[PDB]
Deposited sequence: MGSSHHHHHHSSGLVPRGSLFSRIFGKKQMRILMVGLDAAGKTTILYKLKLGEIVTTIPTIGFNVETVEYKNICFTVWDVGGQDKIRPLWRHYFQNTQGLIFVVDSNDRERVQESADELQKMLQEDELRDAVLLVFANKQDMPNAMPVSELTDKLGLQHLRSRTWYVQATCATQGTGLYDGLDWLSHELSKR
């Protein structure tokens, strides 16, 4: 009945937080999921949140780089971090914002999926290089994976979520 994405997580409640710098490709990704309408709410002044929710699946999105964050963090099961692989000037900023997330105690048990997006672009930073620059090899007791993606084509998004689904299958 729903999209291919609607079945990727089975029936159990799935709470995903997907963040990144502005223009990383997050809205594009939500739209490819085909899990229904992208709805924007402003639960506190200056804090725009996008949500796609389909039955047992809830994706919450905002830009990075607040007291309200904690309630999301506390039961977030998957953390998706989206990076514009072609924006070399902002990779350090992206990396710092990811590290800040990973340092939040309330996100301690989140499985981390990194979407290395805009891999279609000629000057995109290779996944190996990006993985190094985001500092992921220094992480201890975090389950993580970096997925090459082209959100505008859709490429990689199911691959990444399939991985995340397997990692969280016993949630």
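Engineer: No C-alpha coordinates means not modelled. Give me those stretches of the deposited sequence in order.
Structural biologist: Absent from the structure are positions 1-16, 82-86.
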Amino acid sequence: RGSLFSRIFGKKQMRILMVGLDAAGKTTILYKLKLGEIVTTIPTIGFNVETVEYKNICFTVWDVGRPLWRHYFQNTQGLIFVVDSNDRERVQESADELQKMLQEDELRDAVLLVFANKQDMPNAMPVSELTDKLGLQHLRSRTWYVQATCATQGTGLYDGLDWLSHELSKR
From here on, numbers count along this sequence of modelled residues.
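Engineer: Of the two stretches 121-129 and 32-40, which shows the higher Cα B-factor on average in the entry?
Structural biologist: Higher mean C-alpha B-factor: 121-129.
Engineer: Averaging C-alpha B-factors over each stretch, which comes out higher, 136-144 or 46-54?
Structural biologist: Averaging CA B-factors over each stretch, the winner is 136-144.
Engineer: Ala116's Cα B-factor: lowest, middle or highest third of the chain?
Structural biologist: For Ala116, whose C-alpha B-factor we compare with every modelled residue in the chain, the answer is the middle third.
Engineer: Name the third of the chain's ranked CA B-factors that contains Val61, choosing lowest, middle or highest.
Structural biologist: Its C-alpha B-factor belongs to the lowest third of this chain's values.
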